[PDB]
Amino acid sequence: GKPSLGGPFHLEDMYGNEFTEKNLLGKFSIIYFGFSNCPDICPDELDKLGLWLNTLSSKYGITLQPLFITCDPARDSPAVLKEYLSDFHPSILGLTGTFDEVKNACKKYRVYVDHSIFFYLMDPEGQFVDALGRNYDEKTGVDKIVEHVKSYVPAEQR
């Protein structure tokens, strides 16, 4: 009985474009919370996410929409997020906004530096399907993700 994680939110990507929960529709999305000034933890996770994406694209032909939402809207402005994610996978898009907008998002995912231990996988309907924690390595994470994308049905049982 998975919790009611996720929900409507209104942010902007590291380029200023509007991005809301509607942007999650039509694809599998993997979301990660953290901040550019986050110590050792976040950098390792984003590196791990990069291995998953690479193996997923080249081995299973699956492409995800990787999103990095900041929790420190005070310092992580768009420009700052682009700088920060230049050391990581190009596919990753950082999202940010005002205190209120960022506050809402973090809340909808029940995220209240050591809480950035989960990746949230969302289906083409924008629904929560699984939370991958630190116990998944570069191998087991790929496995789990692959069975979710392969067993997903439009929930419209056409």
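One rule holds for the numbers: they count along the sequence shown, beginning at 1.
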**OP:** Between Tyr112 and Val113, determine how many residues of the deposited chain lack coordinates; answer none if the chain runs continuously, otherwise 1 to 3, 4 to 9, or 10 or more.
**Re:** 10 or more
Subject >> Stretch with the higher entry mean CA B-factor, where the candidates are 17-25 and 146-154 >> reply: 146-154
Subject >> Stretch exceeding the other in mean C-alpha B-factor - 114-122, 51-59 >> reply: 114-122
Subject >> Ranked C-alpha temperature factor of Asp87 among modelled chain residues, by third >> reply: middle
**OP:** Taking the chain's C-alpha temperature factors as the reference, tell me which third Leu93 falls into: lowest, middle or highest.
**Re:** lowest
**OP:** For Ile30, return the chain-relative third of its C-alpha B-factor as stated in the PDB record: lowest, middle or highest.
**Re:** lowest
Original post:
For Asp40, does the deposited CA B-factor place it in the lowest, middle or highest third of the chain?
Top reply: highest
